[PDB]
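Asks: Let me see the structure of the following:
(one chain, ligands or ions: 3)
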Amino acid sequence: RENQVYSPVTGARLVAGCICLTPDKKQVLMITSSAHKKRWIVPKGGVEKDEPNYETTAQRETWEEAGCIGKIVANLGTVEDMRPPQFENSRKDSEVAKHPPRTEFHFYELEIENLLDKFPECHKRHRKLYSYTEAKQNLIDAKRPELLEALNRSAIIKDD
Ligand SMILES: O=P(O)(O)CP(=O)(O)O[C@@H]1[C@H](OP(=O)(O)O)[C@H](OP(=O)(O)O)[C@@H](OP(=O)(O)O)[C@H](OP(=O)(O)O)[C@H]1OP(=O)(O)O
Ligand SMILES: [Mg+2]
Ligand SMILES: [Mg+2]
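Replies: Numbering: from 1, shown residues only. Ligands and ions are numbered 1, 2, ... in the order given. The structure is reproduced below:
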């Protein structure tokens, strides 16, 4: 139902989520897409009308989707799903035809404080820690470069 919030400018869906890291920052928590059941992504979901801020949405989604609790330690800013629902070539480069973003993502970095075995989606998703290299490859395999950009902005140790 239309409890969902949209950018008054672009019409993009507003979504918040978490890059969840281990205290030592060597791993990131990933979950399986419910739709695309073999794609590994990060916890996120739609902002609802009642929610006062993006952090609220981000921590709600991180609990509901991954059973993960912790503390927001950084604002990672915004990224856009630029997937289209066909090309235009500018002489030394080529691009997809102009369209509004599907989704504007507000990401936060979270330091994991607990992972619980029971959570709302624990029967609908898998959840696993990954090092930077494996996480990067997951997000390429999932076709989600915008979630990789959010990961890259995080304090995750990349020197593997
Ligand atoms: O229910 P919420 O969490 O509040 C809201 P969502 O944003 O979490 O639910 C997502 C939504 O599906 P739908 O609206 O039908 O529920 C997306 O469709 P789109 O953004 O194009 O409108 C879909 O992205 P796409 O890959 O199909 O393009 C995404 O799959 P993905 O996991 O990100 O790959 C779904 O996430 P899942 O929670 O199912 O994993
Ligand atoms: Mg949701
Ligand atoms: Mg979601």
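Asks: use CA for all of it now, contacts and neighbours both
Replies: Will do.
Asks: Now do the same contact list for the closest residue to ligand 3 within the chain.
Replies: Closest to ligand 3 within the chain is residue 45: 4.0 Å, counting by Cα to the ion. Residues in contact with residue 45 (Cα atoms under 8 Å, 6 or more residues apart in numbering) are 15-17, 57-58, 61.
Asks: Filter these down to the buried ones and express that as a PyMOL selection.
Replies: Buried residues within those, by 16 or more other Cα atoms under 10 Å, are selected in PyMOL with:
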select buried, resi 15+16+17+57+58+61
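Asks: Look up the closest residue to the residue of the chain closest to ligand 3, ignoring the ones flanking it.
Replies: Spatial nearest neighbour of residue 45, excluding adjacent residues (Cα to Cα, 6 or more residues apart in numbering): residue 15 at 5.0 Å.
Asks: next one: residue 63
Replies: Spatial nearest neighbour of residue 63, excluding adjacent residues (Cα to Cα, 6+ apart): residue 69 at 6.3 Å.
Asks: So is the helix or strand where the one you found lies next to ligand 1?
Replies: In the assignment (DSSP states H and E), residue 69 maps to strand 68-81. No - Strand 68-81 stays clear of ligand 1 (Cα under 6 Å from any ligand atom), getting no nearer than 8.0 Å.
Asks: tell me which residues in that strand are buried?
Replies: Quick answer for strand 68-81 (16+ other Cα under 10 Å): 68-70, 72, 74, 76, 79-81.
Asks: helices or strands next to the helix ranked longest in the chain in the packing?
Replies: Secondary structure of the chain per DSSP state H: the longest helix is helix 54-66. Packing partners of helix 54-66 (3 or more Cα pairs under 8 Å, 6 or more residues apart in numbering; DSSP states H and E): strand 13-21, strand 28-32, strand 44-46, strand 68-81, strand 103-115.
Asks: Nice, that's everything, thank you.
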